[PDB]
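The structure appears right after this line, and notes come after that.
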Ligand SMILES: *[C@@H]1O[C@H](CO)[C@@H](O)[C@H](O)[C@H]1NC(C)=O
Ligand SMILES: *[C@@H]1O[C@H](CO)[C@@H](O)[C@H](O)[C@H]1NC(C)=O
């Protein structure tokens, strides 16, 4: 069959620079059936280019397509902040993996906070410890939970916001979920954050019961 | 103008079936094929199959052959897509699309969210994220609710700067959960009241939890 | 010994025809192995008209009393990689379908399997040496889900399920 490989998975670019999105086909295909799409969060895909290079109606001229054989390229001459979306290439019913185009800004270190479980939630028999990473770039960040120096695993979930429309930073939350029985078996609860903007990893901890 | 309007969102239990509609307008409904594309949460696009509205012929993807059936009604220009024997991993958004000539999908529907879960409608529990020892952080923990969505507001819209409402995460119990946080000056604590306004339309739940230190 | 096809209404014996070609639709998606699946055409009259191997008989799925190939089966398509484009099969040796008159037309089992193997042979030249499977129609209106044809002003519908249920390696 036909396999469409898009690279990179995530493209970071400073506002106003040129974008270059590639679509590699596993076999030699015809340019008359190469299509490009743009999908913003919460919306349906929007047709940008069809036939490898023919621009659709209503599409700004800063979008361009080219290529033949196995390599095809979607080009954004001047990246606009409104151009942040996921882009797919299409060959008949085959779709590419998608390339996320985000804004690249200067490195911003996160502000790390930690929140013990509230006494009301402990009444229900569940403890939720929250580690907050606020306003950082790039997206890559490592958060580790350690309870009495024991590295936790399989009991935490992370959630990341969309890139902020103004400062172009991200915010992350890591929620450690324990029961009241296991939460009261230990004393020290800490989350360590390793990020490019930090000269050294930051640790926020607390003792159960102050 | 050509436009496609799809049916509303659906909440089904595992093993049941769902039927999605797609009403076309602005062109001769029998002149172009109707395709369907699936997109799981946070995933890519996946083609399901096309339907010839003039003859009723279909061509389903091999991975969906057996559980999908696509029909249409020409007198109302509406195409249908039914998916039987739903599983938990079948939770996705289904689009109907039309090409300029075939595959150049320039016209899409708004999408139909189809979530498969054995959970029932449940309101959330709002717990505080109290601040402790210039900038202090506090928030609310919106935990255990179904289904989505849940709106969060701070001080009835008077506090918006520095607010971060995280997307919900699907817990292992089948219930959703999220957190909303905001950074405020440390001196504002004690003197300024901070109220998080949580609403849950499916369960008619409205909670106004006050976040205090200690 | 023969392949009996249920037809409605009952075709009289003078409506027996010569099967000279087929029209197919390759099933899309991603298979799990080296298997390519074909079904009766899921399109409409435009797929049949652009075949141009038919005669005066108006028919679906199967071409009755149409153009035969000179030597061997000739398959053609506008894009072999577009599953929305039908695959036009033109036979070289016609296969006779004999209608009794009680609502069922007969087709020899061996001579239909011989033609399906020659068709699967020509299909491997376009899709590589893989497993060719024929499956019944994916559905549709009565004139297209069934093998339909006209004869003397009347219109007949014959279920073609038994004709497309084989696997060739
Ligand atoms: C096909 O040709 C035969 C022989 O001439 C004729 O008897 C028959 O009616 C034709 N079939 C149709 C469907 O017209
Ligand atoms: C098919 O063609 C052969 C050769 O012309 C002829 O003898 C035979 O009667 C035809 N069969 C039908 C049903 O028309």
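Chains as they are written, first to last, in our numbering: chain A, 41 to 250; chain B, 239 to 452; chain C, 75 to 243. C-beta atoms are modelled at their ideal positions from N, C-alpha and C, and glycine is treated no differently.
How is residue 384(B) classed by DSSP in three states: helix, strand or coil?
-> In the structure shown, residue 384(B) sits in a strand (DSSP, three-state: E or B).
Hey, is residue 243(A)'s beta-carbon within less than 8 Å of any beta-carbon in chain B?
-> no
Taking residue 41(A) as the query, report the chain C residues whose CB atoms sit under 7 Å from its CB, ordered along the chain.
-> 104
With a 10 Å radius around its C-beta and 16 neighbouring C-beta atoms as the bar for buried, classify residue 273(B) as buried or exposed.
-> buried
Flag this pair as yes or no: are the beta carbons of residue 437(B) and residue 364(B) separated by less than 8 Å?
-> no
Report yes if the C-beta of residue 92(C) is less than 7 Å from at least one heavy atom of ligand 2; otherwise report no.
-> yes
Can you tell me which of 82(C), 111(C), 75(C), 86(C) puts its alpha carbon nearest to the alpha carbon of residue 211(C)?
-> 111(C)
Taking the DSSP output, what are the residues bridged to residue 438(B)?
-> Paired residues: 443(B).
Fully enclosed by the segment 89 to 158 of chain A, which beta strand (DSSP E) runs are 3 residues long or longer?
-> Qualifying beta strand (DSSP E) stretches, in chain order: 103 to 116, 126 to 131, 139 to 143, 151 to 155.
Within 7 Å of chain C by C-beta, residues of the segment 121 to 149 of chain A in sequence order = Within the segment 121 to 149 of chain A, the residues whose Cβ lies closer than 7 Å to any Cβ of chain C are, in chain order, 132, 133.
Against chain B: residues of the segment 142 to 159 of chain C by CB proximity under 7 Å | The segment 142 to 159 of chain C vs chain B, Cβ under 7 Å: 157, 158.
Would a C-beta distance cut-off of 8 Å place residue 271(B) and residue 285(B) closer than the cut-off?
-> Not a contact, by the Cβ cut-off of 8 Å.
Return the CA-CA distance between residue 316(B) and residue 261(B), expressed in angstroms with no decimal places.
-> 4 Å
Integer-rounded CB distance, given that residue 156(A) should sit under 8 Å from residue 174(A) = Incorrect: roughly 18 Å between the Cβ atoms, too far for contact.
Taking all protein chains shown into account, decide if residue 118(C) is buried (16 or more other Cβ within 10 angstroms of its Cβ) or exposed.
-> Buried is the label assigned to residue 118(C), since at least 16 other Cβ atoms lie within 10 Å of its Cβ.
Residue 404(B) to residue 199(A), Cα distance in whole Å?
-> 6 Å
DSSP bridge partner residues for residue 114(C) (one or two, in chain order) | 98(C)
Check: residue 168(C) C-beta below 7 Å from any heavy atom of ligand 2 = Remark: the shortest separation between the CB of residue 168(C) and any heavy atom of ligand 2 falls under 7 Å.
Kindly say whether residue 299(B), judged by its beta-carbon, lies nearer than 8 Å to any beta-carbon of chain C.
-> yes
Which one or two residues does DSSP pair with residue 178(C) in a beta bridge?
-> 80(C)
Given residue 355(B), which residues of its chain have a CB within under 6 Å of its CB, disregarding the five upstream and five downstream residues?
-> Cβ within range, chain order: 412.
By DSSP, does residue 374(B) sit in helix, in strand, or in coil?
-> strand
Spell out whether any CB of chain B is found under 8 Å from the CB atom of residue 212(C).
-> yes
Does any heavy atom of ligand 1 sit closer than 7 Å to the C-beta of residue 138(C)?
-> Distance from the C-beta of residue 138(C) to the nearest heavy atom of ligand 1 is below 7 Å.
Taking all protein chains shown into account, decide if residue 336(B) is buried (16 or more other Cβ within 10 angstroms of its Cβ) or exposed.
-> buried
With distances taken from CA atoms, which of 407(B), 415(B), 433(B), 314(B) is nearest residue 397(B)?
-> 433(B)
Return the first residue and the last residue of the beta strand (DSSP E) that residue 277(B) is part of.
-> 272 to 277
State yes or no: is the C-beta of residue 179(C) nearer than 7 Å to some heavy atom of ligand 1?
-> no
Helix, strand or coil at residue 144(C) [DSSP, three-state] = coil
For residue 325(B), collect the residues of the same chain with a Cβ closer than 7 Å to its Cβ; drop the 5 residues on either side in sequence, then sort them by chain order.
-> 252, 354
Would you mind sorting residue 243(C) into buried or exposed? The rule is 16 or more other CB atoms within 10 Å of its CB.
-> In the assembly as shown, residue 243(C) is an exposed residue. Its beta-carbon has fewer than 16 other beta-carbons within 10 Å.
Measuring CA to CA, which of 187(C), 182(C), 171(C), 93(C) is closest to residue 87(C)?
-> 171(C)
Residues near residue 266(B) in its chain [Cβ-Cβ closer than 6 Å; skip 5 each side] = none
Distance between residue 415(B) and residue 115(A) (C-alpha atoms, nearest Å) = 39 Å
Would you say residue 74(A) reaches chain B, if we count a Cβ-Cβ gap shorter than 8 Å as a contact?
-> no
With 8 Å set as the bound, which would you pick, yes or no: does the beta-carbon of residue 112(C) sit closer than that to a beta-carbon of chain B?
-> no
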